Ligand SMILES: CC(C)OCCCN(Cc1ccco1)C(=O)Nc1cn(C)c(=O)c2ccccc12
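Next up is one chain by itself, shown in structure tokens, the form deposited without this ligand.
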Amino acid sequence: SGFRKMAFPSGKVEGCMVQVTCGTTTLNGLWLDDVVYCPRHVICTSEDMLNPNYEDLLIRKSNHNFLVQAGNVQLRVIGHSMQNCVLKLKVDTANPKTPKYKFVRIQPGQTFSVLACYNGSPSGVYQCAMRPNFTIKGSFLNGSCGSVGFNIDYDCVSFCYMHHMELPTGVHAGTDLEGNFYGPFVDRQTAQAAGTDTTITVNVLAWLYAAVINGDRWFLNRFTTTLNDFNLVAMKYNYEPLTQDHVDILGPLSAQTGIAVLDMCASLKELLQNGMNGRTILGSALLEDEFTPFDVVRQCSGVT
């Protein structure tokens, strides 16, 4: 029993973190096989970040200007290329610790673990969700750029995020491992504001199922609802509309607990309308939306 905001074990990812320096800028890189991936803004000064012409700035850079250090040993850069907002530095040595891996572009509402790094050294690991406005609420200080987000399926690491920017509002923006930003964000120090940070409804319902499994049942009521009726309330509360696809994904949790998905929606509806009244669910005073239905199943079954 017990339910925690849990990250994946980070060992496989720690073995990939390197330090990348270009001029006076130092950030993190991800070393997989003989390639080091890092934000292309490593070539920028804070002045350049106001209006960077990346192709032009890159003309002045050669392989020897990209200093890559893995632990305390320097890697030899034998090639470099820019793919969207990431630089790929080809090195002469394949990372001996390269895990089985994939590059995946996640959807909003999906969760992942971030290994926050500074100067190629891991400092901590925490769990995130890609928000419906394509920002993440992370913990990133100067030097953390190039830290990556990931999920693990047994022994295969699926890298889904690379940290690039902190918006003036304190939220974070970044790219998948092909260098395409999530959402409308760009790697430029400019006024970039996020849209509405709606709540990931399917995740909140999955977390209400985790709560029932772990003994917190006070919020269960005698009501039911329909998707349309539920969605009128979700709209009013800035919650994502619930679809039949979400109902289907919650199927296994519904089966395990015997609580129909629409009955859990009705409990959620009353919680939205009435609040918590000073009570908590799984030690939280708000409805948690950063556990997917897969995360709840995984944690409630002990997948390794």
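The numbering used is simple: start at 1 and walk along the sequence shown.
Another form exists, deposited with this ligand bound; not displayed. Remarks below refer to it.
The site on the displayed chain is blocked: this ligand, placed by C-alpha superposition from its pose in the deposited complex, has three or more atoms within 2.4 Å of backbone or C-beta atoms. 165 is the sole member of 234, 157, 165, 75 with a non-hydrogen atom within 4.5 Å of this ligand in the deposited complex.
Only one of the listed residues (67, 272, 262, 49) places a non-hydrogen atom within 4.5 angstroms of this ligand in the deposited complex, and that residue is 49.
Within 4.5 Å of any heavy atom of this ligand in the deposited complex lies no heavy atom of residue 225. With a 4.5 Å cutoff on heavy atoms, residue 100 does not count as touching this ligand in the deposited complex; it lies far away. Using a 4.5 angstroms threshold between heavy atoms, residue 44 counts as touching this ligand in the deposited complex. Contact check for residue 25: a non-hydrogen atom falls within 4.5 Å of this ligand in the deposited complex. Residues of 161-198 placing a heavy atom within 4.5 Å of this ligand in the deposited complex, in sequence order: 164, 165, 187, 188, 189.
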